[PDB]
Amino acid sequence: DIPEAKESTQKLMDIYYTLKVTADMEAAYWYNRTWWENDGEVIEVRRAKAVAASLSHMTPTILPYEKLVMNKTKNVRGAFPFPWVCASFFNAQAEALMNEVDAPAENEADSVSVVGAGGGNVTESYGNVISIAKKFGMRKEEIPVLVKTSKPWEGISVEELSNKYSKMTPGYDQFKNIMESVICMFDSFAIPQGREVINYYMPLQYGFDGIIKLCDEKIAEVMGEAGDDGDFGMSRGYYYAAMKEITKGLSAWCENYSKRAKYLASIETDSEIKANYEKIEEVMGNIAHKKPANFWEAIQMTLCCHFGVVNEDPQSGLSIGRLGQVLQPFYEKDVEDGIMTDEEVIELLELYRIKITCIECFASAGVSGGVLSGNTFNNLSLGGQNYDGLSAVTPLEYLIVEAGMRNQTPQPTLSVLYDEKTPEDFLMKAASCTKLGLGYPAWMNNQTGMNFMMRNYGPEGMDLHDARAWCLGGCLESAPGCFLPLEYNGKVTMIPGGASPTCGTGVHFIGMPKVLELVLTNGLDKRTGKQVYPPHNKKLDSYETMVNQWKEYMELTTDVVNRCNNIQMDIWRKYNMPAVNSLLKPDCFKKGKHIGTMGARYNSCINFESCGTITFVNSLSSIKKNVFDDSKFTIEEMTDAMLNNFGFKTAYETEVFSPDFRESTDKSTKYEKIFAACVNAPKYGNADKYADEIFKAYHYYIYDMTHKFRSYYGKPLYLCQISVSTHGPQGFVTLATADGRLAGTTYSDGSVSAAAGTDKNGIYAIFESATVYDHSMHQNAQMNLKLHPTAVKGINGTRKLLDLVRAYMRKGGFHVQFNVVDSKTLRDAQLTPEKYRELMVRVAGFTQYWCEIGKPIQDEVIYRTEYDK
């Protein structure tokens, strides 16, 4: 059985479930003030100073019962706006409120995205709380602060300034049409850091006073010196000056927590709660300046860095990385010297899930509901191989899984870097947690990941050693890492840590089924009446012609979006470069270059994101089968049948976003034959060579396509293929597709999952289909499976689940994650969500409380194929 959560953990979760997601203004106000007050300062130092101020001038909040402390803001599920990055999703709203007129309508991507109305979300203003971006409650008295903080950013946020330059690209109009149709889900500026892996090395190794002295030393050495480098030589000095500034910031911030802990202790009448406050004052007082000296301090320090970075930009997917390896030295020393017992370590790891679970991403609804479903993807990876190529599993990683079992929360999602070298007992332990249906650990192929790492980053020198240090940025965005020598406890440990910027930025989710749609409708978006692409006016006379027209539209799309998103990120890295992450990420400090100037070791991270891969492959299958090979229907017949939703009522009327329910209006018999032919055509995920060959060809084409483009870092793009929640929105704006999927309904989840209800040859046939190409050609490949709980009963059931994972991993499969649930339960939770406040399911790369997931994704998850054995 699973031990009860600790008392502290229980009291804090009781509080947690009542909390409301809250945007406030402190960080924003202070960032903006310090920014302009330093107008004229060298940009790196001006940036650093303003981030520093935004952290170290906030109200620090400490809760009773906490051992680990800090939060993004003074609120618990807190965040704040970044009008210097983007503001358009809230400033018209905000100004409409001051003026007491009607709030304007959302933009299209936002409007086709749903934020789950339950749990913590504030999707509607109430009392004195304004709902900002359909999710965040901000107090009415702050609305004026939001407006006044945002005003100086008119024309010059990353958003608006990059928009001015994008308007000078020849493809601007095309690009704008693509965004308005939601063919491209969102703009890179939305979240310019994240989908990467933080690197905790520097403060764990030096402490902030250590780091400040290192900056002093570098400044003395290089300020005013270029060496032989007339591009960046001189910039080294300002980089070290800026780092000293952000480090002073992080130190002040910690001190503020220390002082608040001291106050709370002084009034604490309950001696037990007083003890913690006292330990906290000391712990925060210490990590403000010294190298951490025990596990509590070391883990607390990783939180300071993590909150540090997610407060310097709006972002999701700042992966924690391999915390169990990073902190093994601090753990083992405490246990050895008897400073901590394991159960005390487990309490800290339990409390830590809470802290990470409350991290919010303030951003537009399109991102927060449309993509994230509110989750912020702080992914903790486990295992793989260490610097010396042996199993990296540490004893501390077992406790991380244990904490995950005892304190069941959405984050951090756990990710096993499955490697044949991994001990069986850790795999079985990991499996026993997955079989619980929390959705973690998910399972990712260490070997395939390292393979992608060597291939993609080969040109930048990637060797076997850094390759081994990889893990998942955000959900699945395989991200560069390296090992660095941490000295502690009289020995050196090569601990891992990320080594690139964002690996989930570039050309964002392109709804491939919707692009196919527009091939068939000659560029015209029939959902909206807008001509999106230039009409090709080609007779769709063959399969090859239709696929070539698809490719042509995918290449235009990729070209214009790429050029605009480069400008977005380039304005950002030049006027808004990372301060905290530029201190932490190697090799910034060693080179004297921030992230913006390619200080990170690995910079080939920018990518192209597909979406709807299986919906798309299955549509091609159907068209080729029904129209071009068997010639049973004409391409006009198919197209009309799709535009007409095969006679069924649309999800725009019924609000059912899966195959689960079709209101069978009388025009259905009119299309019953073609509809059945479409449902019946070969379907990906059945080891069916007809469908699987199309899927394979798609892979070789898409690899070739993406690598012809160049990111702002001057590196070829590669493919990222996940869905997150994006199949919600891009599904929504897509009419019925030729695979028999109906209008407005979600695309297929993930990218190698079978389309729901179409896998009919068992899980293994899905494995065979998925692996018809080599997964390391791309960054990842995302598979979801759902198992009925009876399917994994008993320790035998744990073993059976692990053998299922091993089978797919050994075929080369990149990833699989599981739901273990009874879909009838989820159906029930949908009817009455008040009754399941703690219910979680796995969506795609994340676990979320049901009550905070929108109907389209809920429906989608309900309808996923449920495996009984």
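The numbering used is simple: start at 1 and walk along the sequence shown.
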Practice problem: May I ask you to compare 104-112 and 372-380 by their mean CA B factor in the entry and name the higher one? | Solution: 104-112
Quiz item: Which of the two stretches, 182-190 or 533-541, shows the higher mean Cα temperature factor in the record?
Solution: 533-541
Quiz prompt | Selection from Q174, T726, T634, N566 [criterion: highest C-alpha temperature factor in the record] | solution = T634
Self-check item: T61, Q817, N38, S56, ranked by C-alpha B-factor: the highest one
Solution: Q817
Exercise. Divide the modelled residues of the chain into thirds by Cα B-factor and specify which third, lowest, middle or highest, holds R47.
Key: lowest
Quiz prompt | Third assignment of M25 from its chain's C-alpha B-factors | solution = lowest
Quiz item: If you rank every modelled residue in this chain by C-alpha B factor, which third holds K551: lowest, middle or highest?
Solution: middle
Quiz item: Hey, what third does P152 fall into on Cα B-factor, ranked over its chain?
Solution: middle
Exercise. Check where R322 lands among this chain's C-alpha B-factors and tell me if it's the lowest, middle or highest third.
Key: lowest
